[PDB]
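Summary of the model geometry
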Amino acid sequence: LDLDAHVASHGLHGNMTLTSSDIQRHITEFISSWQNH
Amino acid sequence: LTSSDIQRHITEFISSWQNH
Amino acid sequence: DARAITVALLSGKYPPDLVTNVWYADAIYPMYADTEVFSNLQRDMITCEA
Amino acid sequence: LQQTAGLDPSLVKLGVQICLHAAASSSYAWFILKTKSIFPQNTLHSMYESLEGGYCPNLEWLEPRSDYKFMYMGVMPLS
Amino acid sequence: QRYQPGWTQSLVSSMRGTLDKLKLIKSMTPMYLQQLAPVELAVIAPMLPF
Amino acid sequence: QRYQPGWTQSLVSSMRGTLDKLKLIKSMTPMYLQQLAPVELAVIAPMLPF
Amino acid sequence: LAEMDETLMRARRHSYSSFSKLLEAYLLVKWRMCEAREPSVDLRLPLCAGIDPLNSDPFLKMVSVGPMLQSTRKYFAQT
Amino acid sequence: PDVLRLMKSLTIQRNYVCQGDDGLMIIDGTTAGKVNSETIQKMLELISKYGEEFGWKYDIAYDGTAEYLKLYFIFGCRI
Amino acid sequence: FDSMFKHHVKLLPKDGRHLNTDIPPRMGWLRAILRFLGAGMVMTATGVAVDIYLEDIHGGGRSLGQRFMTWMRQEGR
Amino acid sequence: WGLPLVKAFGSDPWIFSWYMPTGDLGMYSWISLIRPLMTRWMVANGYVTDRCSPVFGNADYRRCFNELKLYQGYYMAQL
Amino acid sequence: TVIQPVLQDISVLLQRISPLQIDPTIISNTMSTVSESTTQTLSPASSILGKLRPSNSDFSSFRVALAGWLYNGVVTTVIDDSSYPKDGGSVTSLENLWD
Amino acid sequence: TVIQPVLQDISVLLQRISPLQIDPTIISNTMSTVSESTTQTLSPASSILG
């Protein structure tokens, strides 16, 4: 509770969301994979 | 004014894609 | 890409009732009417001439 | 359609011209019926008279063709 | 003997079954390559631009 | 022989597989400790405040 | 029609505590996203008109998943 | 003779797809490119003549485009 | 969608087997259901298709199966 | 009914695609995508409770959904 | 860049002349019969089916490889790096065995 | 308390200089391929990661 004072959010994994950067990172890796064969 | 083209619209997006 | 070569090696298939001497006789027929080779020969001659 | 699909205004003007001509005729429906094929006959049916390049997909029709089994291969450069 | 104990018993059987399947696949490619492909290449060769 | 009878055979197989995985891990650390880390320490040592 | 209206009003004015059992069951499952897939077709091959880079999301979904290359009637005939 | 060879190279189980009054004929490209358009034109004239003596009016289109069930394809792209 | 059902919705966690992600042997139909959930999650998001791995089931597989069977029996009333 | 959202619960705009499924499936999907943001938004607005939930932690969803009419809309969409 | 299109043209010609057709469904049908238990963490059949779909489903390197036999004087066809395991692999990993 | 900061300083100096860095995903990737049966109560691969 006091550890990670208020960002505790008991669940460790699965707490990620979709907001912005995940989309862009997926695009970058996808385009790299396309360009490297 | 600024009715440039549709082909350049297509190519500009692709150029955005290829950049890394 | 090897991973396509293996697929090609593993999944070849013929038409059900194949008679090769007929299939090839049909397929090749048109491709031996063209005159590209004969023009090429004259081109090589002119190259050596020049 | 123009605002939603980003149509070229020049073509939309031609469409409006056709609609107006239909209105100014003796019968709107009859006119539309008799002139329904200008856009296809002038764009789709007369396309690529002089071809420069591009890609065309490589598809294969397997057996039995009764099964409608097609498999995708790749792209072939045009000429 | 020094790799098998790391795998469960069922997985070994599945692996061997899959390998047997792959060995006896009815792929028509190899005999095509052995018998017909050379004929096709021979037919094509003189008409190449290069 | 006097400890494995308490365990299921599949569990024993999984344990052996895990140990084999751990033994053959591709960790580059021991090489770094054996070959390069002493060089780094030798380079750093004279410049220490202490 | 009055039956319609009163039923909808009854549904709206009421207060609830949960979704259907199926959705409550579904929410118990959580996943983990990872690295992107591999391209299914070439990125510069036109397949459906309008589905192009100016129409990003459909274009990306189509090139990541790939078009359905087999007719649906026969596919669901065996289901 | 070109028309004879073409017709003898075509069968319904391989080349013709029909549904109601709408049908499609596929001419497989030869190893030397694609079939000569003049031969296709004379064949089309033959079908047009053949339709009349049992009272069928064959509306035939040959413009380098594929249409089936009001779906339009050009160079492998559906419009 | 078929190939994406088959080879892009992984019902095993990437880091290895977890305690809750175990399917009871005679409840194999859950393997069919969870594929749809993975598909919905991957397709709803904007962008490219993404390889997805199962992470965790809160109540464990057995509890989910019991809830599903309860719904299956209670419907049609 | 299958129409995607644009931006809600403080999330980023245009993060959903209309390949969203309909009915319970799409609902579950978008909740799964934005569950953490939804929880933080819900807590920050005073919708706080003490009974920890497997899905929403300590968020008082049972009342926020009722007042946001989300339960009501979900249930009347099936009439 | 100069030579590759020649090989591509020869490949398409060979495709158009050959009676052979590539039908990947053979592998799916034959693997649809292998016996396995549902309680296993690993499944060889599912993995192998997953690994046989080429990137972009190009299926064209075969005809190109056949065409290359005529020009080994100037062109040396090789297998790309991307087909190899990234870190060299390990025989304990089934994926690497399939590779 | 007097010596511990010195060790921290040397540690960060080594950070700035070493070519070695850790990727924790190695362990997870290796353990992802351990063969085991889902009916077992105990999972060695899960326990070692934990």
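Definitions and cut-offs
Residues numbered from 1 in each chain as written, not as in the entry; some residues may be left out. Chains lettered and ligands numbered in written order. Part of a larger assembly, values for the part shown. Heavy atoms only, no water. Residues with missing side-chain atoms left out of burial classes, pairs and counts. Helix = DSSP H or I, 4+ residues; strand = E, 2+ residues; numbered from the N terminus. Rg over C-alpha atoms; globule rule 2.2 N^0.38 Å. Buried < 20%, exposed > 50% of the residue type's maximum accessible area, 1.4 Å probe, protein only. Contact = heavy atoms within 4.5 Å. Buried area = accessible area lost by both parts, 1.4 Å probe. Salt bridge = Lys/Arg side-chain N within 4 Å of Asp/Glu carboxyl O. Nonpolar A, V, L, I, M, F, W, Y, C, P; charged D, E, K, R; others polar. Pairing = 2+ DSSP bridges. Polar contact = N/O pair within 3.5 Å; in protein donor to acceptor, adjacent residues only side chain to side chain. Core = buried A, V, L, I, M, F, W, Y, C linked by side-chain atoms within 4.5 Å. Axes fitted to C-alpha atoms, helices over the stretch in contact; angles between N-to-C directions. Left-handed = near helix turned anticlockwise from the far one by under 90°. Parallel < 35°, antiparallel > 145°, perpendicular 65-115°, else oblique.

Per the deposition metadata, cryo-EM was the technique used to determine this entry, at a resolution of 3.30 Å.

All right, on to the overall build of chain K then. Broken down by element type, chain K carries five helices and one strand. Along the chain direction, N to C, the helices and strands of chain K fall in the order α-β-α-α-α-α. Relative to a compact globule of 99 residues, whose C-alpha radius of gyration would be 13 Å, chain K shows 18 Å and is clearly more extended. In terms of its C-alpha atoms, chain K occupies a principal-axis envelope of roughly 55 × 35 × 20 Å. Per-residue burial over chain K gives 47% buried out of 99 residues.

What follows deals with the interface of chain E and chain K. If you look at the interface, chain E gives 21 residues, while chain K gives 28 residues. For the chain E and chain K pair, buried surface summed over both sides reaches about 2,400 Å², with 79% attributable to carbon and sulfur atoms. Contact with chain K buries surface across chain E, with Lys21, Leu41 and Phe50 of chain E losing the most and accounting together for 22% of the total. The tally of links between chain E and chain K comes to zero salt bridges. Those elements that place two or more of their residues in the side of chain E that touches chain K are α1 (9-23), α2 (29-35) and α3 (37-44) of chain E. Counting residues per element, the side of chain E that touches chain K draws most heavily on α1 of chain E, which supplies nine residues. Grouping the amino acids of the side of chain E that touches chain K by side-chain chemistry returns 13 nonpolar, six polar and two charged.

All names here are of chain H. Within the open sheet, the three strands sit side by side as β3-β4-β5. Their pairing is antiparallel. The two strands at the open ends of the sheet, each matched to only one other strand, are β3 (66-68) and β5 (77-78). Summarising the sheet, β3 and strand β4 (residues 71-74) pair through three bridges and their orientation is antiparallel. Bridging from a neighbouring strand, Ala66 pairs with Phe73 of β4.

Moving on, we get to the interface of chain I and chain G. In this complex, chain I contributes 33 residues to the contact, which on the side of chain G involves 22 residues. Interface area for chain I against chain G, summed over the two sides, is near 2,700 Å², with a carbon-plus-sulfur share of 71%. The salt bridge partner of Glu55 of chain I is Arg32 of chain G, with a shortest N-O separation of 3.7 Å. At the junction of chain I with chain G, the criterion picks out 13 residue pairs in polar contact. Ranked by the residues each element gives to the side of chain I that touches chain G, the list is headed by strand β2 (residues 50-57) of chain I, at eight residues. Class assignment of the residues belonging to the side of chain I that touches chain G gives a composition of 20 nonpolar, six polar and seven charged. Bridge count for strand β1 (residues 29-36) of chain G against β2 of chain I is six bridges, and the pairing is antiparallel. By the bridge assignment, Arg32 of chain G is partnered in β2 of chain I with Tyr53 of chain I.

Our next topic: the nonpolar core. Core analysis: the largest hydrophobic core is formed by 69 residues, its most contacted members being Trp31 of chain G together with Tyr28 and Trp30 of chain J. In terms of residue count, the dominant contributor to this core is helix α1 (residues 24-44) of chain J (eight residues). Once residues within four sequence positions are removed from consideration, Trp30 of chain J is found in contact with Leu5, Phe9, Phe16, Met20 and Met38 of chain J. Counting 43 residues, the second-largest nonpolar core is a separate cluster that includes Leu62 and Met71 of chain D together with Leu36 and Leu48 of chain E.

Under the definition given, this model contains 13 salt bridges over all chains. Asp28 of chain H is paired through a salt bridge with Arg65 of chain D; the nearest N and O atoms lie 3.5 Å apart. Of this pair, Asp28 of chain H sits in the loop between β2 (22-25) and α3 (37-52) while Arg65 of chain D sits in the loop between β1 (55-61) and β2 (70-77), on two different chains.

On to the packing of helix α2 (residues 29-44) of chain I against α1 of chain J, then. At a minimum axis distance of 9 Å, the contact between α2 of chain I and α1 of chain J shows a crossing angle of 65°. Of the two possible hands of crossing, α2 of chain I and α1 of chain J adopt the one that is right-handed. Seen from α2 of chain I, the contacting residues are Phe36, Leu37, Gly40, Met41 and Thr44 of chain I; seen from α1 of chain J, they are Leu25, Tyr28, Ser29, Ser32 and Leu33 of chain J. Per-class residue counts for the contact of α2 of chain I with α1 of chain J are six nonpolar, four polar and no charged.

The buried fraction of helix α4 (residues 61-68) of chain K is high, at six of eight residues. For α4 of chain K, the secondary structure elements touched by its buried residues are α1 (2-10) of chain C, α2 and α3 of chain E together with α1 (4-17) of chain K.

Helix α1 (residues 4-17) of chain L packs onto helix α2 (residues 29-44) of chain F with a crossing angle of 120° between their chain directions and a minimal axis gap of 11 Å. In terms of axis orientation, α2 of chain F runs oblique to α1 of chain L. Here α2 of chain F runs over α1 of chain L; the crossing is right-handed. Contacts between α2 of chain F and α1 of chain L involve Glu40, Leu41 and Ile44 of chain F from the first element and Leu13, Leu14 and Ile17 of chain L from the second. Grouping the amino acids of the contact of α2 of chain F with α1 of chain L by side-chain chemistry returns five nonpolar, no polar and one charged.

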